[PDB]
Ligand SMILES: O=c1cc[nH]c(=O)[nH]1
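Presented below, as structure tokens, is a lone chain in the form deposited without the ligand.
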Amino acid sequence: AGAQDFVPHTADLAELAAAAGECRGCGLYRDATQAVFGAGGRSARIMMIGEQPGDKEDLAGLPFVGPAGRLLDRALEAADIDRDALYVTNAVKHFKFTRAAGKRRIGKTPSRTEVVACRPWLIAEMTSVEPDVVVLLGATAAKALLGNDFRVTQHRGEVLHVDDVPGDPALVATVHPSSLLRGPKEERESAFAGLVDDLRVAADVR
């Protein structure tokens, strides 16, 4: 189902990434510029998963390059997180979007079907990196591993462990960094410190 037959039998991230460029596991490859695979090395101890590449990522060919990526980088700073320790990816690897009437590309939420279709890449990445801890950045990513009914709001910052996940890594669900780019300054400050806390929990896993 989905991307399964497009995934090669290798843990090599370069080769996985190249194969993802050829994926037709759902419809999203058609309109997107290219696949945006994860970034980092198989030595990474912390895997971070967002929803999908955004406008800038789709064209940069790298995850977390936009304003959300800047904000996340500021949080890793405050959490004493070393980028050498990070593998960062997204639950789906092709940007799903529409053009706004007023010409910037606006991301659209991946359907559960698209998440499940792309999940074999995520499993391949998880099997390749063998992380100690996986940070789920927002509801789409968290549901991809924790179930379609999972609520980030009720469990954020808790160390979770599900038996059906490769290598039984610890799992920490947190807010989507994009959500912290909007709202009252004092609320964004509180949300940022909560993200930092969730990141410190993950970094303190072992």
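One-based numbering along the sequence shown.
In what follows, reference is made to the form solved in complex with the ligand, a form of this protein that is not presented.
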Using a 4.5 angstroms cut-off on non-hydrogen atoms, would residue 156 count as touching the ligand in the entry with it bound? no
With heavy atoms only and a cut-off of 4.5 Å, decide whether residue 54 touches the ligand in the entry with it bound. yes
Given that the partner is absent here, does residue 50 sit within 4.5 Å of the ligand in the entry with it bound, heavy atoms only? yes
Any chance residue 38 has a heavy atom within 4.5 Å of the ligand in the entry with it bound? no
Can you check 59-67, 38-46, 147-155, 166-174 and let me know which stretch has heavy atoms within 4.5 Å of the ligand in the entry with it bound? 59-67
Those residues of 75-92 with a non-hydrogen atom no more than 4.5 Å from the ligand in the entry with it bound are 90
